[PDB]
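Here is the structure we will look at.
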Amino acid sequence: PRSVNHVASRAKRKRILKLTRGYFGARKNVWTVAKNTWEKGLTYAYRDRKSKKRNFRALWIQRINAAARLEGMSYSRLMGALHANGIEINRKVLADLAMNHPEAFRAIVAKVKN
Amino acid sequence: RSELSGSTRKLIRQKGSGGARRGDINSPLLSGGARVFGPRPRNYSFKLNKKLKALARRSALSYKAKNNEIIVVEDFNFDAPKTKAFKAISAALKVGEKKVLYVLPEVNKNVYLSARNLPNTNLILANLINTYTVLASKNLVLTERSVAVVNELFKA
Amino acid sequence: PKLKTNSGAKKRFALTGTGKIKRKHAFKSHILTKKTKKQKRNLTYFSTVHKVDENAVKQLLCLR
Amino acid sequence: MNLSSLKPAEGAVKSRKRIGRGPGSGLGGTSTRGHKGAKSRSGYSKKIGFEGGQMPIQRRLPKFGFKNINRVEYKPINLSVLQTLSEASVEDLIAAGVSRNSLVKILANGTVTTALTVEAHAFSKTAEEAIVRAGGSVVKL
RNA sequence: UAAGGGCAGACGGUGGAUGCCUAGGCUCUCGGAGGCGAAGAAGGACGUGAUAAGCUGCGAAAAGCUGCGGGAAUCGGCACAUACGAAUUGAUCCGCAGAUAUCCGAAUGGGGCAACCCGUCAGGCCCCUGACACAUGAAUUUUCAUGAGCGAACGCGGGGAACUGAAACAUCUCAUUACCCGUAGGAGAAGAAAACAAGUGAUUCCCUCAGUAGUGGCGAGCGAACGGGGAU
RNA sequence: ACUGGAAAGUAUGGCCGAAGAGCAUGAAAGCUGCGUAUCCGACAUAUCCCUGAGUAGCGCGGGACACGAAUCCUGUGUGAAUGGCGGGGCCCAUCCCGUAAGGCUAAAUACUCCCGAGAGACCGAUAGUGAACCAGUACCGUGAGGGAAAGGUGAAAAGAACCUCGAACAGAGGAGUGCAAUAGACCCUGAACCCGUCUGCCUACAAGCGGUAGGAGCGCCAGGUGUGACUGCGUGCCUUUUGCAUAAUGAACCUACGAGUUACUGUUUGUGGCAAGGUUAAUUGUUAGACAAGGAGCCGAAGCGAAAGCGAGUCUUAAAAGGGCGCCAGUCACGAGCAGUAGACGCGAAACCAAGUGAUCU
RNA sequence: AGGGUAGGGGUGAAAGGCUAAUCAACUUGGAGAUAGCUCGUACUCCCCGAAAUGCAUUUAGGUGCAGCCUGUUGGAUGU
RNA sequence: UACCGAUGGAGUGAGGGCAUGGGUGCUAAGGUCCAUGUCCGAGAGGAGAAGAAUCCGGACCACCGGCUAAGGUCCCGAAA
RNA sequence: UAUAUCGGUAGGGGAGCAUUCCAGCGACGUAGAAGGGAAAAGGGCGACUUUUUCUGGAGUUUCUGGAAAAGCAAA
RNA sequence: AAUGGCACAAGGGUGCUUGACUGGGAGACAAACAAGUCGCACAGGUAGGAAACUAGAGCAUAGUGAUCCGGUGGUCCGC
Ligand SMILES: [K+]
Ligand SMILES: [K+]
Ligand SMILES: [K+]
Ligand SMILES: [K+]
Ligand SMILES: [K+]
Ligand SMILES: [K+]
Ligand SMILES: [K+]
Ligand SMILES: [K+]
Ligand SMILES: [K+]
Ligand SMILES: [K+]
Ligand SMILES: [Mg+2]
Ligand SMILES: [Mg+2]
Ligand SMILES: [Mg+2]
Ligand SMILES: [Mg+2]
Ligand SMILES: [Mg+2]
Ligand SMILES: [Mg+2]
Ligand SMILES: [Mg+2]
Ligand SMILES: [Mg+2]
Ligand SMILES: [Mg+2]
Ligand SMILES: [Mg+2]
Ligand SMILES: [Mg+2]
Ligand SMILES: [Mg+2]
Ligand SMILES: [Mg+2]
Ligand SMILES: [Mg+2]
Ligand SMILES: [Mg+2]
Ligand SMILES: [Mg+2]
Ligand SMILES: [Mg+2]
Ligand SMILES: [Mg+2]
Ligand SMILES: [Mg+2]
Ligand SMILES: [Mg+2]
Ligand SMILES: [Mg+2]
Ligand SMILES: [Mg+2]
Ligand SMILES: [Mg+2]
Ligand SMILES: [Mg+2]
Ligand SMILES: [Mg+2]
Ligand SMILES: [Mg+2]
Ligand SMILES: [Mg+2]
Ligand SMILES: [Mg+2]
Ligand SMILES: [Mg+2]
Ligand SMILES: [Mg+2]
Ligand SMILES: [Mg+2]
Ligand SMILES: [Mg+2]
Ligand SMILES: [Mg+2]
Ligand SMILES: [Mg+2]
Ligand SMILES: [Mg+2]
Ligand SMILES: [Mg+2]
Ligand SMILES: [Mg+2]
Ligand SMILES: [Mg+2]
Ligand SMILES: [Mg+2]
Ligand SMILES: [Mg+2]
Ligand SMILES: [Mg+2]
Ligand SMILES: [Mg+2]
Ligand SMILES: [Mg+2]
Ligand SMILES: [Mg+2]
Ligand SMILES: [Mg+2]
Ligand SMILES: [Mg+2]
Ligand SMILES: [Mg+2]
Ligand code: NA
Ligand code: NA
Ligand code: NA
Ligand code: NA
Ligand code: NA
Ligand code: NA
């Protein structure tokens with residue numbers, strides 16, 4: 001018998017083209033252009049999921065550095081003192097305390113200020 | 001390609017026209033061109049061993065017997081063809097709901113004519129029993145002579 | 001169509017009992033005073049087809 | 001099972017290999033053919049007995065021997081199967097229960113150890129000595 | 001402040017995809033039949049309707065004429081028509097048998113740029129019209145009979161390539177193929193031993209023997225028969 | 001009775017069946033129509049002593065036979081016998097078989113322009129014939145020749161009386177028909193590319209494959225959704241390559257079309273049936289593909305030797321195991337992989353050959 | 001104006017000119033010639049994973065056999 | 001921890017850079033021909049501004065957790 | 001249950017999804033099929049699959065097995 | 001030719017000689033294949049020698065080329 005999968009073949013394209021809405025010009029709707037654009041974006045997304053962790057750690061470190069300099073120390077000295085004293089609070093929590101709970105950050109600094 | 005009606009003339013000259021190089025009009029790349037690797041006339045019969053076929057037949061019959069769909073009935077004849085009489089026989093044997101297969105020892109033209117118009121009924125001769133026909137019906141009805149013929153002819 | 005045996009192979013090779021290919025050594029037809037007696041006898045003896053040349057000899061003999 | 005729940009034996013049917021149908025299958029693109037050369041082209045075929053131009057083995061080696069036309073080849077039958085047939089008679093040469101209008105030669109590998117008169121087209125000397133020692137006879141006809 | 005622009009949604013436009021549908025193809029089976037033509041073919045030209053004819057039918061008797069049988073109320077062919085008539089004293093329609101059947105075309109009275117021009121002899125009209133006859137070739141004895149040309153495949157016969165394969169190429173292969181030409185029939189050809197063999201008993205076809213025996217720049221390749229089992 | 005524009009649908013309750021094939025009917029009908037099963041029916045016209053002489057044979061040159069020089073054929077030149085003569089793969093002798101130089105002959109075999117009746121795990125309008133329709137047409141060419149595109153209103157034309165704007169149906173807005181007119185003639189459904197309008201957000205200090213990961217504000221409708229100030233990272237894709245952002249190749253875009261298929265024969269393997277055996281082919285019988293027959297043939301069952309031959313041995317040898325090869329579960333299928341022969345994964349030459357058409361240009 | 005010469009054939013005050021916009025012809029067929037060459041080869045996920053060397057070749061951008069990969073099996077030996 | 005037997009299916013037979021030992025060249029070449037390793041080929045991630053094979057390091061997927069390599073800690077740009 | 005392993009071109013192996021048709025078994029449909037638009041949810045993973053609504057106005061489909069004209073981004 | 005070897009000489013003479021043998025190839029080297037290289041044991045019959053022993057050509061490594069078709073000598077099969 002003769003088999004042509006017209007509906008399935010068209011439905012695959014339509015499903016992918018729902019994902020390329022918002023793109024610029026022909027890259028949103030022209031299919032060969034749109035499908036080309038969408039796959040390069042997927043490679044970018046794989047790379048950026050890895051880079052997001054580095055970016056957020058850098059942001060935490062910068063906020064901790066500013067709060068430590070307000071308290072009288074630097075980031076490297078503060079982190080060395082915390083590691084020596086065995087305090088396991090991570091940089092995300094430390095940055096959150098520095099931004100939003102300065103009294104708690106101050107007590108943490110005063111703990112290792114010796 | 002060899003069976004299309006177009007001529008074998010080169011459509012465009014080989015070089016210089018600025019488009020794709022082209023041969024004759026029967027190419028599968030062209031609209032209305034050849035069908036590549038389409039169907040060809042075929043014979044689908046193949047061989048199975050005789051002993052394998054006999055084993056399959058006996059397996060189907062054993063499966064019917066184990067699942068308890070075999071009803072042995074007395075031999076009957078009709079003076080004139082009559083669908084209502086055969087319908088009554090099926091109703092009395094309680095086989096008139098689902099598919100039934102009656103197995104007869106010989107032709108019995110009046111019985112065949114009586115059963116012809118009933119939609120869930122099949123007839124077969126005892127000596128022509130095959131696996132597909134036995135398995136395709138929910139209920140199997142045998143006569144005494146049909147049981148004797150099947151026992152004699154399909155044993156072991 | 002059925003496979004056709006190679007005529008030269010069918011004139012040059014033979015099957016042994018355990019499915020080996022029997023062959024004759026080929027360096028002894030016409031320059032034999034110069035050669036050595038042990039060399040000539042070893043070329044007289046019937047050899048077998050090497051394993052790497054098998055299945056090619058078999059293709060020539062129609063895998064028989 | 002009936003026609004509605006048919007099932008082949010496990011591992012009896014296998015799906016065919018389909019090439020040239022995309023990257024995820026592992027069989028698309030060049031479609032298992034490699035890149036270029038003669039073997040990549042449609043209509044390539046191996047020349048049987050060709051080795052690139054070097055003289056092939058089927059021409060390097062010499063022809064030998066001849067085959068006799070009227071070669072009388074016997075079907076071998078041994079003493080062991082003779083005794084097996086004897087232990088359910090004492091008069092062999094039936095041999096249809098084998099051959100099909102053939103010439104039979106009796107050979108000595110097992111042992112007869114019975115008293116049989118065997119008719120056959122040929123015997124070996126060892127077979128004759130064995131059957132006579134066990135107390136038999138030969139009809140070489 | 002948006003001249004314009006970007007993205008999204010809604011709603012339209014274009015275009016004609018998709019889904020659904022179709023008697024228009026394709027492959028076959030069984031049974032017939034296997035020709036038409038000088039009593040003018042195949043294939044055409046010109047005509048023909050109440051109204052122009054594109055198809056269809058028909059042929060100056062021109063979408064039709066006659067008879068027999070069947071049948072019983074509509075019919076006057078199709079391209080989205082009306083008028084006007086036919087018809088139970090039986091239309092239309094269907095089966096069978098008849099009548100008519102222009103011109104060209106083997107075309108055959110002579111020519112010719114197919115569908116035209118020009119004739120002769122007898123016969124019936126009045127410069128001109130309607131019905132005949134008037135070709136050739138092999139048989140027959142002026143008479144008679146046949147032939148010619150067209151057309152599906154299958155048959156027999158006369159001529160007969162090359163590309164290609166051999167990893168070049170010349171023997172060889174492709175292939176006694178393509179193709180051209182001639183000529184039958186329902187089939188044709190073959191067929192009744194100056195035979196095969198080392199017992200069989202005319203041809204033909206099928207299954208084996210067998211990719212065997214052989215053949216071959218003994219390369220590429222090619223490739224039986226006897227015997228046995230059947231159809232008959 | 002219900003739903004519906006309309007029942008053949010669904011739910012009840014009945015009936016026919018040698019008829020539950022099908023097609024049509026306002027949706028899907030055994031009981032509405034034509035039909036179907038079954039039975040009946042033709043005025044015609046068709047069909048059913050003699051025994052084969054330019055021979056047999058022979059030389060030269062060729063051909064056909066599976067065969068590239070026995071049997072068969074013959075262009076050229078010759079040339080018998082009448083118990084005799086011919087063949088058995090070259091020639092001789094024996095043996096065997098046959099009786100040339102005359103003819104006819106059914107069946108089993110090959111085929112399908114045509115007619116009748118059937119069928120399909122064949123296509124369904126870029127498919128299937130080139131041709132579902134105006135098709136070998138339109139068109140192209142001096143000619144031979146080449147050769148398209150083009151199906152669908154609605155159940156029924158009921159195919160929109162009449163009104164309004166406008167010179168006009170050019171077109172539209174109404175009214176009316178209709179289940180529906182966003183079914184209004186290019187008329188079923190009505191996708192993409194491509195083109196517009198409206199609404200929301202953003203945008204005139206900004207610089208690279210246009211995304212991706214973060215992230216305010218605004219706007220819609222209860223934690224969803226549109227937009228995106230600003231920030232980080234980022235030289236498309238394919239192919240060919242040692243190596244391509246490459247200034248190497250390729251594509252305007254979209255929809256549709258487009259390339260490892262089938263047959264036969266081998267081989268390996270997964271799974272099976274039987275098993276020292278396994279298996280039938282062609283074909284035949286019964287009823288109508290199924291069941292049964294059909295053992296011819298093939299493979300296995302013993303090897304060694306070129307072979308005669310011998311045999312769990314055998315070859316080599318004067319002889320020695322001194323050496324070689326052997327002794328010390330198959331077969332038939334189904335599925336899959338691979339190979340060869342076929343156009344053999346698809347498209348593409350320049351050429352070669354055969355038969356025709358052209359000197360209206362030159 | 002009419003006619004004649006037709007394919008490697010005609011014709012050529014000779015340029016390999018011309019032979020229907022085609023000349024170291026056209027149409028149809030053999031025919032899907034052949035192309036060791038270029039280009040192209042379409043659904044998904046999982047496991048493994050090379051080579052660009054040697055030998056030979058009218059061979060050198062091709063191919064045969066080794067080398068190196070993979071599946072399935074039986075042995076012990078590999079680093 | 002996967003080396004050999006036998007079998008089914010291959011692809012490859014245009015290589016390249018670096019280090020080392022050499023020939024050739026001019027102790028030239030991003031040159032050319034061998035040998036021994038290694039990497040690119042077929043390999044993403046980090047540093048070097050940006051670089052096929054130099055330095056570090058072999059990516060099952062997710063994470064807004066932690067420790068390190070080479071290399072760094074004035075700002076662009078993480079850390080004196 | 002543990003341990004180990006899971007970058008990949010040529011290439012080998014394994015397991016699946018969709019499409020057209022068929023057999024058997026179930027089902028759906030004018031109280032609205034296929035197709036077309038929008039929206040939501042799902043899958044060791046994926047090919048893909050369900051559901052709601054508008055358009056549409058007549059057919060479609062589940063499971064098991066069978067067979068292929070069985071999947072496009074570049075020629 | 002070159003390289004390696006060679007004093008018990010493998011270098012140089014004398015005498016006798018034909019082992020420049022027949023049937024052979026445990027086991028190895030080398031190797032894509034085809035090819036190539038070294039080498040038995042024992043039997044038969046010899047040469048040298050008092051005997052033990054040695055002798056299947058040469059100090060070694062180049063001195064050639066398949067198959068098909070033909071010629072010569074010896075000794076199983078087709079009509
Ligand atoms: K690709
Ligand atoms: K050569
Ligand atoms: K409509
Ligand atoms: K409709
Ligand atoms: K539209
Ligand atoms: K951006
Ligand atoms: K270029
Ligand atoms: K050479
Ligand atoms: K190299
Ligand atoms: K459908
Ligand atoms: Mg990290
Ligand atoms: Mg052609
Ligand atoms: Mg077509
Ligand atoms: Mg296909
Ligand atoms: Mg791969
Ligand atoms: Mg290759
Ligand atoms: Mg390629
Ligand atoms: Mg290459
Ligand atoms: Mg080709
Ligand atoms: Mg706007
Ligand atoms: Mg739209
Ligand atoms: Mg008249
Ligand atoms: Mg005339
Ligand atoms: Mg050639
Ligand atoms: Mg009805
Ligand atoms: Mg068409
Ligand atoms: Mg106007
Ligand atoms: Mg609408
Ligand atoms: Mg419409
Ligand atoms: Mg500025
Ligand atoms: Mg601004
Ligand atoms: Mg380059
Ligand atoms: Mg780059
Ligand atoms: Mg190129
Ligand atoms: Mg371009
Ligand atoms: Mg480019
Ligand atoms: Mg593209
Ligand atoms: Mg395109
Ligand atoms: Mg010149
Ligand atoms: Mg010209
Ligand atoms: Mg050809
Ligand atoms: Mg071609
Ligand atoms: Mg080739
Ligand atoms: Mg791996
Ligand atoms: Mg190879
Ligand atoms: Mg090479
Ligand atoms: Mg190389
Ligand atoms: Mg270099
Ligand atoms: Mg590469
Ligand atoms: Mg690597
Ligand atoms: Mg640290
Ligand atoms: Mg910093
Ligand atoms: Mg890893
Ligand atoms: Mg992987
Ligand atoms: Mg609805
Ligand atoms: Mg396809
Ligand atoms: Mg597509
Ligand atoms: Na704007
Ligand atoms: Na005339
Ligand atoms: Na309807
Ligand atoms: Na109007
Ligand atoms: Na372009
Ligand atoms: Na696979």
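Scope of the values below: all heavy atoms of this structure, side chains included, with no hydrogens, waters or symmetry mates. Every chain is numbered from 1 and lettered A, B, ... according to where its sequence line falls, protein lines coming before strand lines.
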Might you work through the side-chain contact (heavy atoms from CB on, under 4.5 Å) test for A:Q62 and A:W60, ending with a clear yes or no?
CA-CA 5 Å; A:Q62 288 175 104; A:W60 303 329; over 6 Å; no

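- Nearest heavy atom pair, residue C:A9 against residue C:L60, reads CB-CB, 3.7 Å.
- In this structure, the side chain of D:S40 engages the main chain of D:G37 through a donor-acceptor pair within 3.5 Å.
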side-chain contact (heavy atoms from CB on, under 4.5 Å) evaluation trace for B:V147 with B:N151
CA-CA 6 Å; B:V147 161; B:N151 276 343; 3.8 Å; yes

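- B:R1 places no side-chain N or O within donor-acceptor distance of the main-chain N or O of B:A34, the cut-off being under 3.5 Å.
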Checking A:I108 against A:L97 for the side-chain contact (heavy atoms from CB on, under 4.5 Å) test, could you report, in this order, the C-alpha distance in whole Å, the side-chain angles of both residues, the deciding distance, and whether it holds?
CA-CA 10 Å; A:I108 279 178; A:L97 297 188; 3.8 Å; yes

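- Taking a 6.0 Å sphere around CE of D:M1, one finds it holds more than 12 heavy atoms contributed by other residues, nucleotides or ligands.
- Of all non-hydrogen atoms in C:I21 and C:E54, the two that sit nearest each other are CG1-OE2, 3.9 Å.
- Between the side chain of D:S25 and the main chain of D:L27, a donor-acceptor pair closer than 3.5 Å is present.
- Among all heavy-atom pairs drawn from B:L113 and B:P81, the shortest one is CB-CB, 3.9 Å.
- At a threshold of 4.5 Å between non-hydrogen side-chain atoms, the residues B:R22 and B:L29 count as touching.
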side-chain contact (heavy atoms from CB on, under 4.5 Å) assessment of B:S137 paired with B:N122:
CA-CA 8 Å; B:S137 271; B:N122 317 269; 3.2 Å; yes

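- With hydrogens and angles ignored, the 3.5 Å screen pairs no side-chain donor or acceptor of D:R59 with any backbone N or O of D:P56.
- The nearest pair of heavy atoms linking C:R23 to C:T48 is NE-O, 3.3 Å.
- Nearest approach of B:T143 to B:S146, heavy atoms of both residues: OG1-OG, 2.8 Å.
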